[PDB]
$ cat data.cif   # mmCIF, N, CA, C and O atoms and all ligand atoms; chains and numbers go by the auth columns
data_start
#
loop_
_atom_site.group_PDB
_atom_site.id
_atom_site.type_symbol
_atom_site.label_atom_id
_atom_site.label_comp_id
_atom_site.label_asym_id
_atom_site.label_seq_id
_atom_site.Cartn_x
_atom_site.Cartn_y
_atom_site.Cartn_z
_atom_site.B_iso_or_equiv
_atom_site.auth_seq_id
_atom_site.auth_asym_id
ATOM 1 N N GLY A 1 0.806 -1.206 0.000 0.00 1 P
ATOM 2 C CA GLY A 1 0.000 0.000 0.000 0.00 1 P
ATOM 3 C C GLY A 1 0.842 1.260 0.000 0.00 1 P
ATOM 4 O O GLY A 1 2.026 1.224 -0.338 0.00 1 P
ATOM 5 N N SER A 2 0.232 2.379 0.379 0.00 2 P
ATOM 6 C CA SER A 2 0.933 3.658 0.416 0.00 2 P
ATOM 7 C C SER A 2 0.643 4.398 1.718 0.00 2 P
ATOM 8 O O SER A 2 -0.463 4.327 2.252 0.00 2 P
ATOM 9 N N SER A 3 1.647 5.108 2.222 0.00 3 P
ATOM 10 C CA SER A 3 1.504 5.859 3.465 0.00 3 P
ATOM 11 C C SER A 3 1.008 7.276 3.189 0.00 3 P
ATOM 12 O O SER A 3 0.059 7.745 3.814 0.00 3 P
ATOM 13 N N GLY A 4 1.659 7.950 2.246 0.00 4 P
ATOM 14 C CA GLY A 4 1.271 9.306 1.904 0.00 4 P
ATOM 15 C C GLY A 4 2.418 10.288 2.036 0.00 4 P
ATOM 16 O O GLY A 4 3.283 10.130 2.897 0.00 4 P
ATOM 17 N N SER A 5 2.426 11.305 1.180 0.00 5 P
ATOM 18 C CA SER A 5 3.479 12.314 1.202 0.00 5 P
ATOM 19 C C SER A 5 2.908 13.687 1.542 0.00 5 P
ATOM 20 O O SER A 5 1.692 13.867 1.608 0.00 5 P
ATOM 21 N N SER A 6 3.795 14.653 1.759 0.00 6 P
ATOM 22 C CA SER A 6 3.381 16.009 2.097 0.00 6 P
ATOM 23 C C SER A 6 3.733 16.981 0.974 0.00 6 P
ATOM 24 O O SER A 6 4.835 16.943 0.427 0.00 6 P
ATOM 25 N N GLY A 7 2.788 17.852 0.634 0.00 7 P
ATOM 26 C CA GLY A 7 3.016 18.821 -0.421 0.00 7 P
ATOM 27 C C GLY A 7 2.531 20.208 -0.050 0.00 7 P
ATOM 28 O O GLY A 7 1.803 20.843 -0.811 0.00 7 P
ATOM 29 N N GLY A 8 2.934 20.680 1.126 0.00 8 P
ATOM 30 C CA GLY A 8 2.525 21.997 1.577 0.00 8 P
ATOM 31 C C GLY A 8 2.772 22.204 3.059 0.00 8 P
ATOM 32 O O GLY A 8 2.201 21.504 3.895 0.00 8 P
ATOM 33 N N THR A 9 3.626 23.169 3.386 0.00 9 P
ATOM 34 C CA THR A 9 3.949 23.465 4.776 0.00 9 P
ATOM 35 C C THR A 9 3.151 24.661 5.283 0.00 9 P
ATOM 36 O O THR A 9 2.825 25.571 4.519 0.00 9 P
ATOM 37 N N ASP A 10 2.841 24.655 6.573 0.00 10 P
ATOM 38 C CA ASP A 10 2.082 25.741 7.183 0.00 10 P
ATOM 39 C C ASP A 10 2.544 25.988 8.616 0.00 10 P
ATOM 40 O O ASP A 10 2.650 25.059 9.414 0.00 10 P
ATOM 41 N N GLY A 11 2.818 27.250 8.934 0.00 11 P
ATOM 42 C CA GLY A 11 3.267 27.597 10.270 0.00 11 P
ATOM 43 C C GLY A 11 3.897 28.975 10.330 0.00 11 P
ATOM 44 O O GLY A 11 5.109 29.105 10.507 0.00 11 P
ATOM 45 N N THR A 12 3.074 30.008 10.180 0.00 12 P
ATOM 46 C CA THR A 12 3.557 31.382 10.216 0.00 12 P
ATOM 47 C C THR A 12 3.481 31.957 11.625 0.00 12 P
ATOM 48 O O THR A 12 3.167 33.132 11.812 0.00 12 P
ATOM 49 N N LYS A 13 3.768 31.120 12.617 0.00 13 P
ATOM 50 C CA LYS A 13 3.733 31.544 14.011 0.00 13 P
ATOM 51 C C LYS A 13 4.349 32.931 14.174 0.00 13 P
ATOM 52 O O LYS A 13 5.308 33.294 13.491 0.00 13 P
ATOM 53 N N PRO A 14 3.789 33.722 15.099 0.00 14 P
ATOM 54 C CA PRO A 14 4.269 35.081 15.374 0.00 14 P
ATOM 55 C C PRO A 14 5.634 35.086 16.054 0.00 14 P
ATOM 56 O O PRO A 14 5.727 35.017 17.279 0.00 14 P
ATOM 57 N N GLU A 15 6.690 35.170 15.250 0.00 15 P
ATOM 58 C CA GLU A 15 8.050 35.185 15.777 0.00 15 P
ATOM 59 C C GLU A 15 8.946 36.092 14.940 0.00 15 P
ATOM 60 O O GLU A 15 8.562 36.539 13.858 0.00 15 P
ATOM 61 N N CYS A 16 10.145 36.362 15.448 0.00 16 P
ATOM 62 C CA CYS A 16 11.097 37.217 14.750 0.00 16 P
ATOM 63 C C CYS A 16 12.406 36.475 14.494 0.00 16 P
ATOM 64 O O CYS A 16 13.422 36.744 15.136 0.00 16 P
ATOM 65 N N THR A 17 12.376 35.540 13.549 0.00 17 P
ATOM 66 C CA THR A 17 13.558 34.760 13.207 0.00 17 P
ATOM 67 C C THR A 17 14.806 35.635 13.178 0.00 17 P
ATOM 68 O O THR A 17 15.917 35.158 13.408 0.00 17 P
ATOM 69 N N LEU A 18 14.615 36.918 12.894 0.00 18 P
ATOM 70 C CA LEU A 18 15.725 37.862 12.836 0.00 18 P
ATOM 71 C C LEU A 18 16.294 38.122 14.227 0.00 18 P
ATOM 72 O O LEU A 18 17.507 38.070 14.433 0.00 18 P
ATOM 73 N N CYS A 19 15.411 38.399 15.179 0.00 19 P
ATOM 74 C CA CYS A 19 15.822 38.664 16.552 0.00 19 P
ATOM 75 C C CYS A 19 15.551 37.457 17.445 0.00 19 P
ATOM 76 O O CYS A 19 15.698 37.527 18.664 0.00 19 P
ATOM 77 N N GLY A 20 15.153 36.348 16.827 0.00 20 P
ATOM 78 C CA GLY A 20 14.867 35.141 17.581 0.00 20 P
ATOM 79 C C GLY A 20 13.957 35.399 18.765 0.00 20 P
ATOM 80 O O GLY A 20 14.024 34.695 19.773 0.00 20 P
ATOM 81 N N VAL A 21 13.103 36.411 18.645 0.00 21 P
ATOM 82 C CA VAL A 21 12.176 36.761 19.714 0.00 21 P
ATOM 83 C C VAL A 21 10.753 36.334 19.369 0.00 21 P
ATOM 84 O O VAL A 21 9.964 37.125 18.853 0.00 21 P
ATOM 85 N N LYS A 22 10.433 35.077 19.656 0.00 22 P
ATOM 86 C CA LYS A 22 9.105 34.543 19.379 0.00 22 P
ATOM 87 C C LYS A 22 8.039 35.302 20.162 0.00 22 P
ATOM 88 O O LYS A 22 7.942 35.174 21.384 0.00 22 P
ATOM 89 N N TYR A 23 7.240 36.092 19.454 0.00 23 P
ATOM 90 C CA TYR A 23 6.181 36.872 20.082 0.00 23 P
ATOM 91 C C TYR A 23 5.187 35.963 20.799 0.00 23 P
ATOM 92 O O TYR A 23 4.916 34.847 20.355 0.00 23 P
ATOM 93 N N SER A 24 4.646 36.450 21.911 0.00 24 P
ATOM 94 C CA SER A 24 3.683 35.681 22.692 0.00 24 P
ATOM 95 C C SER A 24 2.285 35.792 22.092 0.00 24 P
ATOM 96 O O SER A 24 1.932 36.808 21.493 0.00 24 P
ATOM 97 N N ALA A 25 1.492 34.738 22.258 0.00 25 P
ATOM 98 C CA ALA A 25 0.131 34.715 21.735 0.00 25 P
ATOM 99 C C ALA A 25 -0.508 36.098 21.809 0.00 25 P
ATOM 100 O O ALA A 25 -1.328 36.458 20.965 0.00 25 P
ATOM 101 N N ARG A 26 -0.127 36.867 22.823 0.00 26 P
ATOM 102 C CA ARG A 26 -0.665 38.210 23.008 0.00 26 P
ATOM 103 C C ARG A 26 0.100 39.223 22.161 0.00 26 P
ATOM 104 O O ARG A 26 -0.477 39.894 21.304 0.00 26 P
ATOM 105 N N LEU A 27 1.401 39.330 22.408 0.00 27 P
ATOM 106 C CA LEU A 27 2.245 40.262 21.669 0.00 27 P
ATOM 107 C C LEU A 27 1.944 40.202 20.175 0.00 27 P
ATOM 108 O O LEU A 27 1.264 39.291 19.704 0.00 27 P
ATOM 109 N N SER A 28 2.459 41.178 19.433 0.00 28 P
ATOM 110 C CA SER A 28 2.244 41.238 17.992 0.00 28 P
ATOM 111 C C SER A 28 3.499 41.729 17.276 0.00 28 P
ATOM 112 O O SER A 28 4.353 42.383 17.876 0.00 28 P
ATOM 113 N N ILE A 29 3.602 41.411 15.991 0.00 29 P
ATOM 114 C CA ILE A 29 4.749 41.820 15.192 0.00 29 P
ATOM 115 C C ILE A 29 5.022 43.314 15.345 0.00 29 P
ATOM 116 O O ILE A 29 6.173 43.738 15.437 0.00 29 P
ATOM 117 N N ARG A 30 3.953 44.103 15.371 0.00 30 P
ATOM 118 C CA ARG A 30 4.076 45.549 15.514 0.00 30 P
ATOM 119 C C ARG A 30 4.711 45.911 16.854 0.00 30 P
ATOM 120 O O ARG A 30 5.767 46.542 16.901 0.00 30 P
ATOM 121 N N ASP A 31 4.060 45.509 17.939 0.00 31 P
ATOM 122 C CA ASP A 31 4.561 45.789 19.280 0.00 31 P
ATOM 123 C C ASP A 31 6.053 45.486 19.377 0.00 31 P
ATOM 124 O O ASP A 31 6.793 46.177 20.078 0.00 31 P
ATOM 125 N N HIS A 32 6.488 44.448 18.671 0.00 32 P
ATOM 126 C CA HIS A 32 7.892 44.052 18.679 0.00 32 P
ATOM 127 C C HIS A 32 8.743 45.054 17.903 0.00 32 P
ATOM 128 O O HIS A 32 9.534 45.794 18.489 0.00 32 P
ATOM 129 N N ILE A 33 8.574 45.072 16.586 0.00 33 P
ATOM 130 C CA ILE A 33 9.326 45.983 15.732 0.00 33 P
ATOM 131 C C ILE A 33 9.298 47.404 16.285 0.00 33 P
ATOM 132 O O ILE A 33 10.170 48.218 15.980 0.00 33 P
ATOM 133 N N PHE A 34 8.290 47.695 17.102 0.00 34 P
ATOM 134 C CA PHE A 34 8.148 49.018 17.699 0.00 34 P
ATOM 135 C C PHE A 34 8.810 49.068 19.073 0.00 34 P
ATOM 136 O O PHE A 34 8.340 49.763 19.974 0.00 34 P
ATOM 137 N N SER A 35 9.902 48.326 19.225 0.00 35 P
ATOM 138 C CA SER A 35 10.626 48.282 20.490 0.00 35 P
ATOM 139 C C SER A 35 12.129 48.166 20.252 0.00 35 P
ATOM 140 O O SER A 35 12.583 47.326 19.474 0.00 35 P
ATOM 141 N N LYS A 36 12.895 49.014 20.928 0.00 36 P
ATOM 142 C CA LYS A 36 14.348 49.008 20.792 0.00 36 P
ATOM 143 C C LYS A 36 14.867 47.591 20.575 0.00 36 P
ATOM 144 O O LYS A 36 15.719 47.357 19.717 0.00 36 P
ATOM 145 N N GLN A 37 14.348 46.649 21.356 0.00 37 P
ATOM 146 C CA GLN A 37 14.761 45.254 21.247 0.00 37 P
ATOM 147 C C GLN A 37 14.939 44.852 19.787 0.00 37 P
ATOM 148 O O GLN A 37 15.969 44.294 19.407 0.00 37 P
ATOM 149 N N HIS A 38 13.928 45.137 18.972 0.00 38 P
ATOM 150 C CA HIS A 38 13.973 44.805 17.552 0.00 38 P
ATOM 151 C C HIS A 38 14.883 45.769 16.797 0.00 38 P
ATOM 152 O O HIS A 38 15.864 45.354 16.178 0.00 38 P
ATOM 153 N N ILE A 39 14.552 47.054 16.853 0.00 39 P
ATOM 154 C CA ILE A 39 15.340 48.075 16.175 0.00 39 P
ATOM 155 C C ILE A 39 16.832 47.776 16.275 0.00 39 P
ATOM 156 O O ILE A 39 17.522 47.661 15.263 0.00 39 P
ATOM 157 N N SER A 40 17.323 47.649 17.504 0.00 40 P
ATOM 158 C CA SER A 40 18.733 47.364 17.738 0.00 40 P
ATOM 159 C C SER A 40 19.253 46.337 16.736 0.00 40 P
ATOM 160 O O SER A 40 20.227 46.585 16.023 0.00 40 P
ATOM 161 N N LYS A 41 18.599 45.183 16.688 0.00 41 P
ATOM 162 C CA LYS A 41 18.993 44.117 15.774 0.00 41 P
ATOM 163 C C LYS A 41 19.013 44.615 14.334 0.00 41 P
ATOM 164 O O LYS A 41 19.867 44.219 13.541 0.00 41 P
ATOM 165 N N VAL A 42 18.068 45.489 14.001 0.00 42 P
ATOM 166 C CA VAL A 42 17.979 46.044 12.656 0.00 42 P
ATOM 167 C C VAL A 42 19.106 47.038 12.396 0.00 42 P
ATOM 168 O O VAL A 42 19.494 47.266 11.250 0.00 42 P
ATOM 169 N N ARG A 43 19.626 47.627 13.468 0.00 43 P
ATOM 170 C CA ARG A 43 20.708 48.597 13.356 0.00 43 P
ATOM 171 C C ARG A 43 22.062 47.896 13.283 0.00 43 P
ATOM 172 O O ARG A 43 22.988 48.381 12.634 0.00 43 P
ATOM 173 N N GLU A 44 22.167 46.754 13.954 0.00 44 P
ATOM 174 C CA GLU A 44 23.408 45.987 13.966 0.00 44 P
ATOM 175 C C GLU A 44 23.475 45.042 12.769 0.00 44 P
ATOM 176 O O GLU A 44 24.447 45.047 12.013 0.00 44 P
ATOM 177 N N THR A 45 22.435 44.230 12.605 0.00 45 P
ATOM 178 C CA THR A 45 22.376 43.278 11.504 0.00 45 P
ATOM 179 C C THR A 45 23.049 43.837 10.255 0.00 45 P
ATOM 180 O O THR A 45 23.722 43.112 9.523 0.00 45 P
ATOM 181 N N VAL A 46 22.864 45.133 10.020 0.00 46 P
ATOM 182 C CA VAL A 46 23.455 45.791 8.861 0.00 46 P
ATOM 183 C C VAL A 46 24.522 46.795 9.283 0.00 46 P
ATOM 184 O O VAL A 46 25.630 46.800 8.751 0.00 46 P
ATOM 185 N N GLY A 47 24.179 47.645 10.247 0.00 47 P
ATOM 186 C CA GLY A 47 25.117 48.642 10.726 0.00 47 P
ATOM 187 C C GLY A 47 24.606 50.057 10.541 0.00 47 P
ATOM 188 O O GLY A 47 23.792 50.319 9.655 0.00 47 P
ATOM 189 N N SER A 48 25.083 50.972 11.378 0.00 48 P
ATOM 190 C CA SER A 48 24.664 52.366 11.306 0.00 48 P
ATOM 191 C C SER A 48 25.715 53.213 10.593 0.00 48 P
ATOM 192 O O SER A 48 25.385 54.064 9.768 0.00 48 P
ATOM 193 N N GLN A 49 26.980 52.972 10.920 0.00 49 P
ATOM 194 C CA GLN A 49 28.079 53.711 10.312 0.00 49 P
ATOM 195 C C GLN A 49 27.896 53.817 8.801 0.00 49 P
ATOM 196 O O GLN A 49 27.562 52.836 8.136 0.00 49 P
ATOM 197 N N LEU A 50 28.114 55.014 8.267 0.00 50 P
ATOM 198 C CA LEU A 50 27.973 55.248 6.833 0.00 50 P
ATOM 199 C C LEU A 50 29.120 54.606 6.061 0.00 50 P
ATOM 200 O O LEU A 50 30.124 54.198 6.645 0.00 50 P
ATOM 201 N N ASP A 51 28.966 54.523 4.744 0.00 51 P
ATOM 202 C CA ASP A 51 29.990 53.934 3.890 0.00 51 P
ATOM 203 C C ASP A 51 31.041 54.971 3.507 0.00 51 P
ATOM 204 O O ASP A 51 30.760 56.169 3.470 0.00 51 P
ATOM 205 N N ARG A 52 32.252 54.503 3.225 0.00 52 P
ATOM 206 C CA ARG A 52 33.345 55.390 2.848 0.00 52 P
ATOM 207 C C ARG A 52 32.875 56.437 1.842 0.00 52 P
ATOM 208 O O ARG A 52 32.825 57.627 2.149 0.00 52 P
ATOM 209 N N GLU A 53 32.530 55.983 0.641 0.00 53 P
ATOM 210 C CA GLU A 53 32.064 56.881 -0.410 0.00 53 P
ATOM 211 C C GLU A 53 30.545 56.827 -0.538 0.00 53 P
ATOM 212 O O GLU A 53 29.954 55.748 -0.610 0.00 53 P
ATOM 213 N N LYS A 54 29.917 57.997 -0.566 0.00 54 P
ATOM 214 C CA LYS A 54 28.466 58.085 -0.685 0.00 54 P
ATOM 215 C C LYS A 54 28.044 58.130 -2.150 0.00 54 P
ATOM 216 O O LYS A 54 28.779 58.627 -3.004 0.00 54 P
ATOM 217 N N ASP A 55 26.854 57.611 -2.435 0.00 55 P
ATOM 218 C CA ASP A 55 26.333 57.594 -3.797 0.00 55 P
ATOM 219 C C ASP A 55 25.707 58.938 -4.155 0.00 55 P
ATOM 220 O O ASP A 55 24.553 59.205 -3.821 0.00 55 P
HETATM 221 ZN ZN ZN B . 12.657 41.738 15.745 0.00 1 N
#

$ encode --input "data.cif" --output "C-alpha cells" --more "lines below"
Ligand SMILES: [Zn+2]
Amino acid sequence: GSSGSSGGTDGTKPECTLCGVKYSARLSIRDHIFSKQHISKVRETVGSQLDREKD
C-alpha cells in the first residue's frame, strides 16, 4: 500500500527569526518591531556607520 506524502507546509507563528524573539500569543509583530529590542537588531544586523564613499 501507500503511506502518503506532504506537499505543503504551514506555520507562520508570530516570531522574529531575525531577533529570535518569538512573540507571545498576546504580543504582535508591531509591538515588537516598535521596540528598541527589535530596532537594535535592525541597526546591527546591517550597521549604522555610513559607507566610505556616498552615492
Ligand atoms: Zn525583531

$ atom_distance --input "data.cif" --atom1 "atom N of residue 8 in chain P" --atom2 "CA of residue 22 in chain P"
23.7 Å

$ closest_atom_pairs --input "data.cif" --of "chain P" --to "ligand ZN 1 (chain N)" --cutoff "5 Å" --atoms "all atoms listed in the file" --output "JSON lines"
{"residue": "P:16", "atom": "CA", "partner": "N:ZN1", "partner_atom": "ZN", "distance": 4.9}
{"residue": "P:19", "atom": "N", "partner": "N:ZN1", "partner_atom": "ZN", "distance": 4.4}
{"residue": "P:38", "atom": "CA", "partner": "N:ZN1", "partner_atom": "ZN", "distance": 3.8}

$ resolve_selection --input "data.cif" --expression "the PyMOL selection byres (((chain P and resi 13 and name CA) around 9) and not hetatm and name CA)" --output "list in words"
residues 11, 12, 14, 15, 22 and 23 of chain P

$ select_by_dssp --input "data.cif" --residues "chain P" --states "alpha helix (DSSP H)" --output "list in words"
residues 29, 30, 31, 32, 33, 36, 37, 38, 39, 40, 41, 42, 43 and 44 of chain P

$ closest_residue --input "data.cif" --among "P:28, P:55, P:18, P:6" --to "residue 41 in chain P" --atoms "all atoms listed in the file"
P:18

$ atom_distance --input "data.cif" --atom1 "atom N of residue 48 in chain P" --atom2 "atom O of residue 21 in chain P"
21.8 Å

$ atom_distance --input "data.cif" --atom1 "atom C of residue 45 in chain P" --atom2 "atom N of residue 33 in chain P"
15.8 Å
